[PDB]
Amino acid sequence: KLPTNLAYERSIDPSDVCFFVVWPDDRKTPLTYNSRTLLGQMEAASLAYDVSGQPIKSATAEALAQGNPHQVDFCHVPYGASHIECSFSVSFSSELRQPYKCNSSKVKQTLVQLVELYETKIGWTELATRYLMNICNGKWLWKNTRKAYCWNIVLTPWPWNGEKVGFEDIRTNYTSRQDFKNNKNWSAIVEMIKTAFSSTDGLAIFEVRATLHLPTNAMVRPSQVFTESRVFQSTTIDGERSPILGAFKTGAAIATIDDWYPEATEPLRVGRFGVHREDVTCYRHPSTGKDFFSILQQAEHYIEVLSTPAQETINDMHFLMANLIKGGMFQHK
Amino acid sequence: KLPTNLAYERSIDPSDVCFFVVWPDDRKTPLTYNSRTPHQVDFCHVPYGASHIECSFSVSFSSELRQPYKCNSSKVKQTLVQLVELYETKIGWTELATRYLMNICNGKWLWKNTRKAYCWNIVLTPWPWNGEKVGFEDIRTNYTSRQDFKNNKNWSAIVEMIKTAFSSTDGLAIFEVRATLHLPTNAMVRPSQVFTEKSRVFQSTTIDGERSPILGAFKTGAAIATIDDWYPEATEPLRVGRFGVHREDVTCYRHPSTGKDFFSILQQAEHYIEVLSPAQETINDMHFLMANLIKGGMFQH
Amino acid sequence: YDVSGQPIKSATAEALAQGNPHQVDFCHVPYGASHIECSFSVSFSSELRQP
RNA sequence: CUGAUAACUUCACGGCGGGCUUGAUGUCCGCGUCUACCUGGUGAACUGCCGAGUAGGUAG
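Chains as they are written, first to last, in this note's numbering: chain A, 264 to 596; chain B, 122 to 422; chain C, 11 to 61.
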């Protein structure tokens with residue numbers, strides 16, 4: 264069990280999202296930003312308190328009303344621009360069929376046989392819709408879909424005989440899961456993700472394009488660097504610096520599918536221990552036995568059962584097959 | 122109380138302001154200034170022969186006050202969720218929504234550019250909306266008190282649609298705002314100023330290729346938020362902060378020796394569930410508590 | 011997980027849910043490029059006929 | 001009030017000859033940094049005149 268060397272690699276391969284400004288002349292230009300210094304008040308609680316006590320004659324009414332300088336990076340839409348566009352690419356492959364490094368051919372035959380049986384008994388129709396209902400919905404813009412007039416998505420699949428698949432205004436049209444199903448090209452896209460999870464050289468590639476309608480001089484919020492001041496990540500598009508929203512963050516929106524944890528309310532980022540980032544309580548803890556390492560050690564158990572209850576058996580096969588699509592490092596001594 | 126990681130996100134989203142110069146022949150150009158010289162001093166004025174001056178920004182009323190952004194604890198979670206949900210019933214969003222809207226309506230966001238003006242008019246453009254452009258004409262001599270607004274044809278719908286934007290989860294309300302200022306000939310315009318930690322350097326942007334001043338996006342967020350007159354013996358409305366800081370004089374009201382700052386009311390959250398399950402001061406400090414959750418900020422020690 | 015089981019009870023609920031900062035190199039094809047062009051050289055000779 | 005008192009170590013000098021470190025090599029697998037911000041010119045250096053003049057001059 265967990266034979267001290269075992270690793271997979273990822274099946275989903277996104278990129279980073281470069282923003283563009285379109286004008287009413289239809290000509291495109293890259294969005295930019297500048298650094299701005301500002302002045303705020305003295306908000307922090309430790310400046311005028313401590314554990315049960317105000318500081319000793321240092322919290323004076325003249326010194327809590329001083330000027331505090333900060334500095335931010337500030338980005339917004341220029342005046343007169345028509346709308347905003349976004350553009351990345353994502354590709355799905357077949358990497359979960361077989362481990363990358365394995366070290367033991369007795370846990371290898373347990374895992375390869377477990378993926379052949381999953382394709383047959385309870386197939387790829389549940390996982391393929393959930394990754395695709397975050398690409399064709401706009402989870403990957405993350406906060407720019409609040410305070411918007413309208414946004415659209417048009418994607419260019421490969422290989423494909425036909426047209427581009429469009430999705431018009433997503434706040435009333437494409438809301439439920441049944442709304443996506445009535446589209447003209449929905450059964451042909453999910454018969455292209457099921458293939459790529461089932462071949463041995465399976466490959467489906469999508470070129471995803473979006474528009475955004477925001478108010479006048481409205482703000483755009485990309486991702487930030489870590490600083491081992493609100494510094495933005497940026498690349499160089501045609502000589503101009505420009506914010507990018509990152510590539511490890513657009514792959515975390517697509518993998519926001521997990522709602523099988525034992526009392527669900529919203530989808531989480533798929534992980535080994537089930538962390539949740541707003542409130543720092545970690546659901547799917549290793550005490551309850553519902554995390555990844557516990558239910559992987561019943562791999563021989565779940566083979567024989569489906570050779571079926573959608574209460575604990577099928578809900579654990581979805582979590583176990585989704586961590587193998589994420590990839591990683593599954594071992595200890 | 123205050124378990125070391127708590128933060129809210131703001132619920133009012135103003136943008137920069139832009140100054141355009143309209144000619145008599147219905148042509149609009151950007152208002153450009155002059156620089157004079159390390160030591161650098163700027164000068165801005167209305168160009169001769171111009172009719173008036175236009176201004177346009179936008180603001181949004183969203184619903185990020187229902188739950189926090191990071192919370193760290195499920196005892197400060199369901200307490201602060203219940204306070205905003207009980208304030209919706211017993212008090213209502215009426216007394217806050219009217220105060221935020223009037224500072225948008227009566228040109229308060231034009232700081233010192235209304236002094237020595239003949240007439241100015243302000244036109245809203247709400248969304249989602251079935252109807253007409255909303256007008257407020259000759260504001261100095263027609264709209265001066267809470268009651269002149271309440272006689273308007275379109276005040277029952279714009280106090281509304283903000284009340285729903287705080288009450289309903291995933292709510293939204295967006296206002297486009299336009300103003301026209303009839304200033305005298307060769308009149309001075311007063312934009313915002315760059316900090317320059319130690320003069321009068323303007324905050325500029327590029328509109329149609331040539332530079333133009335902005336009057337800031339944090340500057341126009343301060344003007345809408347001046348609704349605070351519940352500090353004791355209040356004579357003038359202040360900007361909503363944690364310690365009631367006044368800017369012109371460098372004192373501050375609301376000091377923790379008084380017992381009326383935010384951190385000595387936020388700790389008393391369980392006390393106020395009992396009375397709301399009282400119209401003297403238990404109401405008049407929840408207007409300060411609600412205006413801090415609409416503001417945002419990290420609340421942690 | 012300590013050795014084989016019985017998890018080490020210092021990694022509590024919120025202890026697992028912090029970050030883990032790292033640093034990697036990153037290479038990508040820039041926006042608006044056409045294609046990526048590779049080149050090397052290889053040579054064959056007779057070095058096996060005698061030691 | 002000194003193991004006390006006094007004290008010239010000097011002249012001359014060729015290290016040299018010769019020299020192949022070599023053969024072979026896959027560092028890899030996974031990754032959300034984020035929340036909140038006022039810089040404060042009161043009225044203040046005003047009005048003519050010549051010249052075609054966004055140049056130039058000239059008044060109290």
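Even for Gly, the Cβ is constructed at its ideal location relative to N, Cα and C.
Residue(s) in a DSSP beta bridge with residue i
{"i": "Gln-334/A", "result": "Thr-300/A"}
{"i": "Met-482/A", "result": "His-339/A"}
{"i": "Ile-345/B", "result": "DSSP lists no partner for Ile-345/B."}
{"i": "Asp-501/A", "result": "In the DSSP output, where bridge partners are listed per residue, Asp-501/A has none listed."}
{"i": "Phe-355/A", "result": "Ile-275/A, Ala-467/A"}
{"i": "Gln-487/A", "result": "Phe-495/A"}
{"i": "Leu-245/B", "result": "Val-255/B, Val-298/B"}
{"i": "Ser-177/B", "result": "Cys-139/B, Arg-299/B"}
{"i": "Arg-360/B", "result": "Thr-347/B"}
{"i": "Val-370/A", "result": "According to DSSP, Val-370/A bridges with nothing at all."}
Inter-residue Cα distance where the pair is residue i and residue j
{"i": "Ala-516/A", "j": "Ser-350/A", "result": "15 angstroms"}
{"i": "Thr-219/B", "j": "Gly-362/B", "result": "19 angstroms"}
{"i": "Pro-377/B", "j": "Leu-293/B", "result": "35 angstroms"}
{"i": "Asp-579/A", "j": "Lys-589/A", "result": "16 angstroms"}
{"i": "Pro-420/A", "j": "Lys-427/A", "result": "7 angstroms"}
{"i": "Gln-487/A", "j": "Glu-382/A", "result": "40 angstroms"}
{"i": "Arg-131/B", "j": "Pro-332/A", "result": "20 angstroms"}
{"i": "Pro-145/B", "j": "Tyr-239/B", "result": "17 angstroms"}
{"i": "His-166/B", "j": "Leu-222/B", "result": "30 angstroms"}
{"i": "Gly-213/B", "j": "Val-202/B", "result": "16 angstroms"}
{"i": "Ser-309/A", "j": "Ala-459/A", "result": "55 angstroms"}
{"i": "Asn-227/B", "j": "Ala-400/B", "result": "29 angstroms"}
{"i": "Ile-558/A", "j": "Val-353/A", "result": "30 angstroms"}
{"i": "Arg-332/B", "j": "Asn-251/B", "result": "37 angstroms"}
{"i": "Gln-441/A", "j": "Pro-525/A", "result": "25 angstroms"}
{"i": "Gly-330/A", "j": "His-367/B", "result": "11 angstroms"}
Contact with chain B by residue i, beta-carbon distance below 8 angstroms
{"i": "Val-543/A", "result": "yes"}
{"i": "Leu-475/A", "result": "no"}
{"i": "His-595/A", "result": "no"}
{"i": "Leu-294/A", "result": "no"}
{"i": "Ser-309/A", "result": "yes"}
{"i": "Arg-409/A", "result": "yes"}
{"i": "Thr-438/A", "result": "no"}
{"i": "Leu-404/A", "result": "no"}
{"i": "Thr-435/A", "result": "no"}
Residue i in three-state terms, based on DSSP
{"i": "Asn-578/A", "result": "helix"}
{"i": "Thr-438/A", "result": "coil"}
{"i": "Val-143/B", "result": "strand"}
{"i": "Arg-393/A", "result": "helix"}
{"i": "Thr-150/B", "result": "strand"}
{"i": "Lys-364/A", "result": "strand"}
{"i": "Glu-382/A", "result": "helix"}
{"i": "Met-411/B", "result": "helix"}
{"i": "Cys-373/B", "result": "strand"}
{"i": "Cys-399/A", "result": "coil"}
CB contact check: residue i to chain C, cutoff 8 angstroms
{"i": "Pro-549/A", "result": "yes"}
{"i": "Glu-348/A", "result": "no"}
{"i": "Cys-399/A", "result": "no"}
{"i": "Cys-281/A", "result": "yes"}
Closer than 7 angstroms: residue i CB and nearest the ligand ZN heavy atom
{"i": "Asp-276/A", "result": "The ligand ZN is not part of this structure, which contains no ligands at all."}
Contact with chain A by residue i, beta-carbon distance below 8 angstroms
{"i": "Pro-17/C", "result": "yes"}
{"i": "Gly-256/B", "result": "no"}
{"i": "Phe-270/B", "result": "no"}
{"i": "residue 427/B", "result": "Any answer about residue 427/B is impossible in this case: the structure gives chain B only from 122 up to 422."}
{"i": "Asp-146/B", "result": "no"}
{"i": "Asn-126/B", "result": "yes"}
{"i": "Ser-136/B", "result": "yes"}
{"i": "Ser-132/B", "result": "no"}
Q | Residues of the region 513-543 of chain A whose Cβ lies closer than 8 angstroms to any Cβ of chain C, in chain order | A | Residues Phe-536, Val-538, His-539, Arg-540, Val-543.
Q. Can you list, in chain order, the residues of the region 453-475 of chain A whose Cβ is nearer than 8 angstroms to any Cβ on chain C?
A. The residues in question: there are none.
Q: With 7 angstroms as the C-beta to C-beta threshold (strictly closer), list the residues of the region 19-35 of chain C near chain A in chain order.
A: For the region 19-35 of chain C, which is checked against every Cβ of chain A, the residues closer than 7 angstroms are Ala-23, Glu-24, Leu-26, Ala-27, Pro-31.
Q: Residues of the region 549-569 of chain A with a CB closer than 8 angstroms to any CB of chain C: list them in chain order, please.
A: Contacts with chain C (Cβ-Cβ distance below 8 angstroms) from the region 549-569 of chain A involve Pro-549, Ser-550, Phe-556, listed in chain order.
Q | Contact residues within the region 473-500 of chain A, judged by C-beta distance below 9 angstroms to chain C | A | Cβ contacts with chain C: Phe-489, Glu-491, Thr-498, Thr-499, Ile-500.
**Q.** Members of the region 185-198 of chain B that neighbour chain A once the beta carbon cut-off is set at 9 angstroms
**A.** Among the residues of the region 185-198 of chain B, those with a Cβ less than 9 angstroms away from any Cβ of chain A are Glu-185, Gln-188, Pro-189, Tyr-190, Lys-191, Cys-192, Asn-193, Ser-194, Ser-195, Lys-198, in the order of the chain.
Q) the region 405-421 of chain B: which residues have C-beta closer than 9 angstroms to a C-beta of chain A, in chain order? A) Residues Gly-418, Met-419, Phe-420, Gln-421.
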